[PDB]
Structure formats: C-alpha cells, structure tokens
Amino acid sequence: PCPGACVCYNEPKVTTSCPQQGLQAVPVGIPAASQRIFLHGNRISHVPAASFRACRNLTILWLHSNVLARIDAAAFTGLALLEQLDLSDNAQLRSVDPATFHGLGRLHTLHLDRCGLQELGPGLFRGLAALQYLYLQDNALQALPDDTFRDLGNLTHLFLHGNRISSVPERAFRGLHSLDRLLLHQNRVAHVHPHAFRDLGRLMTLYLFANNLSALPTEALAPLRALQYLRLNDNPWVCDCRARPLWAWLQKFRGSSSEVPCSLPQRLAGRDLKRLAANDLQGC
C-alpha cells in the first residue's frame, strides 16, 4: 500500500509523492516500483544508508527544501538508474561525504545549490559520466580543487555563481569537454591561471562578472574556440600596461562581450576597455 502522508499512482511513471507535509523521516514502505519519489518541502534532517535501496528503477528523487544536515555515505546505494537528484535548498547541509554519489552512472542532473557547501571533497563527482547539469551556486565554496570535474565528460552546464571562490587554478576545469555554460559570477575571483580553461573547447558562455579581477591572462581565453557570450563587467580592471593583451584579444573576439570598465587610472575610470585605442594605455 501507500505510506501515510503520501499519495501513490502508477502511470505514466510509478510515483510516490509525499511533499510539503512536514515529515521528519523518509516514509517507511515506499513502493519498491517507484520511478519518482517526491519528498521536497518537509523537515527531513538525515538520510540514512540505503533509504531507497529497494527502488531500483528510481529515476527522479526530490529532497530539496528540507533541513538536511547529514546524508549517509550509502544513502543512495542501489540507485544505478537515478537520473535526477535534487538536494537543493538544504542550507545547513554544509558537507557531503565524498563517496555519496559513487555509482550514480546514469545521473543527468544534480542540484546542490543553496546547501551551505563548504568544499568539494576528493572524488565527490567521480564516475558521474552521464552528468549534464551540475548546480552548485549559492553555497559557501571558496576553492576549486584540481580535477574535481574531470570525469564529467558530458557536462554542459556548471553553475558556481554566488560562492566565495577567489582563484581559478590550472586544473580546476580539466575534463569538461562538453561544457557549454560556465557561470562564475558573484564570487571573489582575483586570479585566473593562464591554462584554467584548457579543456573548454565547446564553451559558449562564460560569466565572470562581479568578481575581483584587475587583470586576466589572454592565454586563458585562447582555447575557447566556441566562445560566444562573455561577461567581464563589474571587476576592478586596471587599464595600464597589463590591459594591453586583453585589449587586443577583445579586438579579435567575434562573439558578444559585456563592457570591460577600467577602474584605474583615474584618466580612464569608467571607460570601457573595448572602446579604447591601444594609444590610450600606458606602455609596458
């Protein structure tokens, strides 16, 4: 039968729906045939190991807007066919054991936005070869470890805006060959490594606005062969010698770019680097 507080139906997909009830625990007895489980908007604070193990055909699991504080490392064991997992809006989660998503080889969408996440642990996204959308915005991330996304060969959207990231290291984005949109705005980025985007050959959208960049190496932009939309506004660009390479790259860029306002020298304050003549910049 259907557990209390839940409503169950069989078509078009077997669904067990128990959202917005104020539940503290995962209902016991969720139909093993469930393809979709909706538990969002409750007051669940812990997801025990094998909480959904019997539901081998589960493809959609919503646990967003709960009060998750801890997810057992084996919470999603048995869910090899899982395609969409929404854990967003659990602001006190703070950390996810790095083995939590291992084995989710069919996962296409993973929502971890607004989870107070402080770090991306070793192997957190290992083996998620089918992942296409990864939402990590509005968390508490401050660093991007090397190769964190290297197995995400099919990822097309990576949202990291609204965190406190201060640097983009050389190997942060290795392996993201299918990436189409990379959102890094509203962070504290002060430095981008010259080879930070080496593998992003299909990237079409790059947002870096609202950060702390005073300069950006053109070598980082050089391999972005498909780039079409670039936002660099709202950074304290210094328009002296150091802006000459970026100025030349902006002249060559055939896509769409935002204004690139100079913060210094006063003479050029407020002026868009794109609209200046190289004659306007101090020489090196």
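Residue numbers here begin at 1 and follow the sequence given.
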property	result
Mean C-alpha B-factor comparison - 90-98 and 199-207, higher one	90-98
185-193 set against 122-130, stretch whose average Cα temperature factor tops the other in the entry	122-130
C-alpha B-factor winner, where the candidates are 59, 45, 228, 65	45
From 148, 156, 77, 214, residue of greatest CA B-factor	77
For residue 260, the third of its chain into which the C-alpha B factor falls	lowest
Residue 34 - Cα temperature factor, lowest/middle/highest third of chain	middle
Lowest, middle or highest third - CA B-factor, residue 247	middle
Position of residue 110 among the chain's modelled residues by C-alpha B-factor, lowest, middle or highest third	lowest
Chain third (lowest, middle, highest) by recorded CA B-factor, residue given as residue 221	middle
